[PDB]
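First comes one chain, alone, set out as structure tokens in the form deposited in one PDB entry.
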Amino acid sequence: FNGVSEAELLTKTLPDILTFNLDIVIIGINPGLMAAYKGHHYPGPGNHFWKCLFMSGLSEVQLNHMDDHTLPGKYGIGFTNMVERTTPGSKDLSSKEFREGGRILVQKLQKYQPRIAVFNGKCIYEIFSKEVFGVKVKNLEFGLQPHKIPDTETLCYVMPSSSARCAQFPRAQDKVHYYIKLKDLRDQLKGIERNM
């Protein structure tokens, strides 16, 4: 990577971008190598996240990874990951690491209490749900989940991973429906608030 070794990138981490009063926190799986290299969220040239963000109207212009620190203030969006360690890919991670991350995640969510905790990836919500709600469903579905983060009013919303690894949703276009519904949910919650 411009002359920087994998071995070096393995040791890097990607900072959280979290604040109070967010509408959405996007929870990724863990940093991949390019994220680790850049120090910004979703830099992968083929990752769908920033495309979908724009295509859905969650951003009104096309942003990119370098804009990540602006999201909280301008767009009501922050970022973290279930697991902090950089890996060549998601199956390098162990169950213990995922469960550690889950515990840490829930404490962060309890602290910052966004309106919506967005799991960028079904696999990390499968783990979080078992660990946190004790629920392992036959057929976990995407979209809104029927549980709040414990002790909070923060909702849990699941999307297919923005990674272009999954074949079932081969293009950004095939994921954008979930981003549009996420936008709808945010707008509904703000409506309820305005009207109490």
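Each residue number is its position in the shown sequence, starting from 1. In this text, the rigid core denotes the largest set of C-alpha atoms whose superposition between the two forms falls within 1.5 Å.
Absent from the display: the form deposited in another entry. The rest refers to it.
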| property | result |
| --- | --- |
| Comparing forms between the shown form and the other one after core superposition, the one residue of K130, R171, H69, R165 displaced by 2 Å or more at CA | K130 |
| Rigid-core frame, C-alpha of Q113, shift of 2 angstroms or more between the shown form and the other one | no |
| Outcome for the Cα pair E126, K91 in the other form, compared with this form (closer or farther; change of 3 Å or more) | closer |
